[PDB]
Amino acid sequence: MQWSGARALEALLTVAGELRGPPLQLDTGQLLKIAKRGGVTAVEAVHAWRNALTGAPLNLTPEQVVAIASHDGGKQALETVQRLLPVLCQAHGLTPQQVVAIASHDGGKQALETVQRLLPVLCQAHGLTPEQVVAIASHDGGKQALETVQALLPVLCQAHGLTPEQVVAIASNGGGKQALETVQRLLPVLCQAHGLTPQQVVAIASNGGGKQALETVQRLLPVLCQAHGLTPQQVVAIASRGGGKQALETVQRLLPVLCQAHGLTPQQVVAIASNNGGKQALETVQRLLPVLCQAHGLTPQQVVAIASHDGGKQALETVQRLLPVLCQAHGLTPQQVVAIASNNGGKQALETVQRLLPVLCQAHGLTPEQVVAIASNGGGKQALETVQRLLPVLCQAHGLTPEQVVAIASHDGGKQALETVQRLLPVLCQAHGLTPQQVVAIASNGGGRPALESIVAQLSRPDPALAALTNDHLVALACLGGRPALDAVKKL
């Protein structure tokens, strides 16, 4: 495509077709996906050994191969997986899914090779579970996290009195080596000098870009409290709730402005920045707040709500754009649009709503009020889309009212709930004698899926705290609490 070599672009497009060909069945989006983050060697390599990967001792799925390949160094990983997957699975007892998960990142070769080399000395001499070692390694720069963990885990646990859980939490992100190193250096300083509980320091470090956040706090903590009247707790919030270095800096820079000119409480400013891409939200509310509280739009309170979530920027922009079209064209109050946008993935919901509202309301016979309810949760897009698919099959093949399906959908994780009802409603109702309404009741909550999955596992294989509770109790329990409630009872 680009410019350097000559004429061998044939060979590239040759292969591009043969991967739609018959070991893998790659669609366009996937080849694109590989080509994009993986590069051409990646695409070359998939083809290169696509039969070897599909069967043999590996028996990987296509989407697994895609997953491994579509990353910087993808080629290297694919080669390194062929070599090591069997030995890591047998000689160190990992699942394939685990080996893949290690591999599906930038520098997978380095991660895999380093696991092989250090999985024992960690699990043995530092009593770490393999789960934990995989966790540390399942990230960009895994080699470094692993390697650094080995070096510092004695030191961090002896001299600074940290739990191993905490060390793993820190290392189990991108930039582990850095966060670890930076903690070691700054833990005393931050603790004695700036007066922070080690718990808070670990909180901060246990995100991506922790090194930055630690350093930035040390520097900016005094100022934000002294000059800007923030509590250290409030500062730590920002620095560990996603905002990181960026948010802290942005807060300092934009705090006076948003309070004087745009008239917000610092309590709100913190709320807004205590999230991923605070910087983004903040800057977005600095603009846009006017045009939202004018161009009829909304109250500051409402704007703050929309912004106080991951990807607030997206939400605010999607609101300003689609607010008129939804309100005027599809007949929604601004109150509803705000509700829809006041969640993770607001942009996604609003957009999905606009395109599925009519579809649901004519073709599937829902009220708008219903659609809004479905949309007014985290992962709205997913529910709406799943409702669309699964409504007819749920009502016909499994005989539920719509009002029921909407109930199941109207909760965070709606998608999972619905899907899981589909899998389990039969086995539950016939094999263990539950009644749809019960199964629906269980599902109509947060954590509806794990509730159901738990409820089944229990009935099919009556785990240690057997009998005692009859089925109707387990149901009532699961509605009340869910998987927490059932696990909790099992522990008694």
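Numbers for residues come from their place in the sequence shown, where the first is 1.
In this entry, the higher average B-factor at the C-alpha atoms falls on 143 to 151, of the pair 143 to 151 and 412 to 420.
Once the C-alpha B-factors are averaged per stretch, 125 to 133 and 396 to 404 rank with 396 to 404 first.
The entry assigns its greatest Cα B factor, within the set 200, 336, 104, 294, to 294.
Of the candidates 429, 68, 42, 455, the one whose C-alpha carries the top B factor in the deposited record is 429. In the deposited entry, the Cα temperature factor of residue 234 places it in the middle third of its chain's modelled residues. Per the PDB record, residue ranking by Cα B-factor puts residue 99 in the lowest third of the chain. When the modelled residues of the chain are ordered by their C-alpha B factor, residue 80 lands in the middle third. Per-chain ranking of the deposited C-alpha B factor places residue 446 in the lowest third.
Annotation for residue 478: C-alpha temperature factor in the lowest third relative to the rest of the modelled chain, per the entry.
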